[PDB]
């Protein structure tokens, strides 16, 4: 097998169709020239076509690429497409999203996005077309799985959704924030922060929302979540003092989502600087049962290591009613 390039399409009916090879770079694929077969796979990312099944052998998506129709059109029909539920090619978008997320973590932090139990780098396995009408995505400890959506959502393959799911793995392999209570809200938030960071890495801008690009225009929802004012969704909370023990992690995530938005918008600050503090806290300070307040201490320690302004962080923490005075015993 050799290194090859893939030309084709991505996007969906809402955000529009674009072309790998014109609007965005070509995709990194592999080819077995002896059999004129190509694979949606490279060293860093493997795309699996689940075929709307709930299980798979996780072999890479494979498609015919003939010397006489190097660069080849993607898709089982060699036309650049892999259409499903209003998306041009969720498998192309998954291969690109994995590239972006892998290179964001390498370029910004010199770290693998994912690693095995023994520290060896872990290939990003992006499993697409999962299930029948599955309107979600999930991380399972070793790979990222994305449905094709149904009446409410387009296929859930985007930079943001991919960044969110890969970063559940980043958290599991670092702080290990447990997926309930306050630590679980932080876990969810870090993944929503990484969705923004992936967008910022790719195009230098981010929506401050989760999933607007995959919500159908007739669903009645503009987005899954809003980071500037989480309570816009009717359930998420904007400050730590509004937390209660029965609040799901997808709603208590509003605390650190709002905090991330606030910090990134302090004078002189940007998304990358805010994410630097969060990533370093996840890597070096946050503990599996962290409270919101303890997570603020970790942010402060991380910022001190990086040389970043602590008063700007303290002001942001106070705005989401996190008690950082506790950090100084």
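Positions refer to the first chain, counted from 1.
Asks: Check whether residue 67 goes without coordinates in at least a third of the other compared PDB entries of this protein that model residues on both sides of it.
Replies: Result for residue 67: often missing, at least a third of the compared entries.
Asks: Can you say how many deposited residues have no coordinates in the span between residue 51 and residue 52, choosing none, 1 to 3, 4 to 9, or 10 or more?
Replies: Missing in between: none.
Asks: Mean CA B-factor: is it higher for 162-170 or for 213-221?
Replies: The stretch with the larger mean CA B-factor is 213-221.
Asks: Tell me which of 114-122 and 236-244 has the higher mean C-alpha B-factor in the deposited entry.
Replies: Between 114-122 and 236-244, it is 114-122.
Asks: Considering only 65, 281, 27, 264, which residue's Cα atom bears the greatest B-factor as recorded?
Replies: Answer for 65, 281, 27, 264: 65, with the highest C-alpha B-factor.
Asks: Looking at the C-alpha B-factor of residue 106, is it in the lowest, middle or highest third of its chain?
Replies: Highest third, going by the recorded CA B-factors of the chain.
Asks: Would you mind ranking residue 129 by its C-alpha B-factor against the rest of the chain and naming the third, lowest, middle or highest?
Replies: It belongs to the middle third of the chain when residues are ordered by C-alpha B-factor.
Asks: Going by what the PDB entry lists, where does residue 75 fall on CA B-factor within its chain: lowest, middle or highest third?
Replies: Its C-alpha B-factor belongs to the middle third of this chain's values.
Asks: Splitting the chain's C-alpha B-factors into thirds, which one does residue 308 fall into?
Replies: Within its chain, residue 308 is a highest-third residue by C-alpha B-factor, going by the deposited values.
Asks: Hey, what third does residue 83 fall into on Cα B-factor, ranked over its chain?
Replies: Within its chain, residue 83 is a middle-third residue by C-alpha B-factor, going by the deposited values.
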